[PDB]
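Just so you know, structure 1 and structure 2 below are the same protein chain in two forms, each on its own as structure tokens.
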Structure 1
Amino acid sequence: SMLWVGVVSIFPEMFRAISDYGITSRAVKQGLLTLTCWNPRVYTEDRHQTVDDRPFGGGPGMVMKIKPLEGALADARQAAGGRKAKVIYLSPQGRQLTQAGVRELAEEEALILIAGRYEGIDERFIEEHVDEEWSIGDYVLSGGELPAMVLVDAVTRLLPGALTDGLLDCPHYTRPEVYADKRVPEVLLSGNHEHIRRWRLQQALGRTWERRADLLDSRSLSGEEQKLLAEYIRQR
């Protein structure tokens, strides 16, 4: 198994969305990717022992207790075997996920994802056990299970046999050639690899320029790209 993922969450059954459907589901079946869950609720001491507890200094909500989390993590570590396991906390405070970050995480042999809820986990747990913190975007969600599934989905795509340049994609077209008085660009219907690849490159450069110009400030444009972009802008 290329990659081994352990998810630490109080809602293990939410993760059926990725284990039972899509490319992630396929990866589990193909033996390419191992996906396990570790509910911290079961690593408490008794039954009156809640996974969470009230926050110090008052305030609303609950905070996740260090001990259950430590139990779930130690267990997942053990199950990972001799694999080099990176521990990620899914957090709004984390480094924004980008395809570059996904490529970095894809190089890992084992990943242990911590998905906490709205009133978060105890700081000492993070300080002691977490390696990296990641956010999926600058918007507020009510927990880290959807961001954990987003991370697992993005990474799985890069696993060999499961299936970018800093540019948006070109438009896609499929049958019929004419639909509701709209025709597929002739270059795609009638054209050689060099026409199509230059057209695709120009549409990709053009759409990026139009919608996400910031992705161009970071990137340096080639001779062909600058020409194809100028040509696109002037032929709008």
Structure 2
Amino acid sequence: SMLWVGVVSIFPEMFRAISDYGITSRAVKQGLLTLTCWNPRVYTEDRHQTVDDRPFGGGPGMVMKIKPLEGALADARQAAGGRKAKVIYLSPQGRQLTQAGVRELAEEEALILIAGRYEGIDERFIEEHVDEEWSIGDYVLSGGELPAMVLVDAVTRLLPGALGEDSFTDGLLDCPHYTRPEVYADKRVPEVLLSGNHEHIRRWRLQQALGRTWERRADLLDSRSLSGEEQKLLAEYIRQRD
């Protein structure tokens, strides 16, 4: 009800990974998320339910047939009802998904996600019916199923009351985490977390985040508008390190 998601995929059973597990499964139960699949294989003319077709110009692999995708997409737009649905094609050619992109995506009421397969889908189908293209990263997968689930998972986290700051909220990585025992195999939990002083635990965590962000991902800080307080904790972290 909060967000309606329709997935066009030839492996709808893969979506059990999000329908049966975690925040996405909980969001469905809580009525915040509606999840549906539209299998191009159901929209075929032949006895073996063929969705691929050879490519023009030669080259290796196969390409997805326009008609079976169009078939599955038409029914999905119909099932969206009167919701303003954004048609996304999962692709390595798309806008790289980042937390800022996830927030944008979380404002939508309806999403139709097209999961490609093989060498990909016909460019004319993209030109005709695809509102936007999104990539989950600079690597190549065998289908759009895992990317579509990554996108759904990330967005659902921002759905009010689904969870029950993050690693990319305010261009800063996350702090380390400690739990029982107090000491495990001669390795002990930092004293600052054993003390009970909220301001001291916040100060340390915020420094440890700034510290890891500068160590591993200095690029996330160039974009960042670091405060006078954050500029002191990062400086302290840098100079007090071997």
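Definition used throughout: the rigid core is the maximal C-alpha set that superposes within 1.5 Å between two forms. Residue 1 is the first residue of structure 1, and the numbers go on in sequence order from there.
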Item to complete: With the two forms aligned on their rigid core, point out which item of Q202, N39, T34, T44 shifts its C-alpha by 2 Å or more between the two structures.
Response: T44
Item to complete: Any chance you could measure the C-alpha shift of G191 between the two structures with the core superposed, in Å?
Response: 3.7
Response to the item:
Superposed on the core, the Cα displacement of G22 between the two structures in Å comes to 1.3
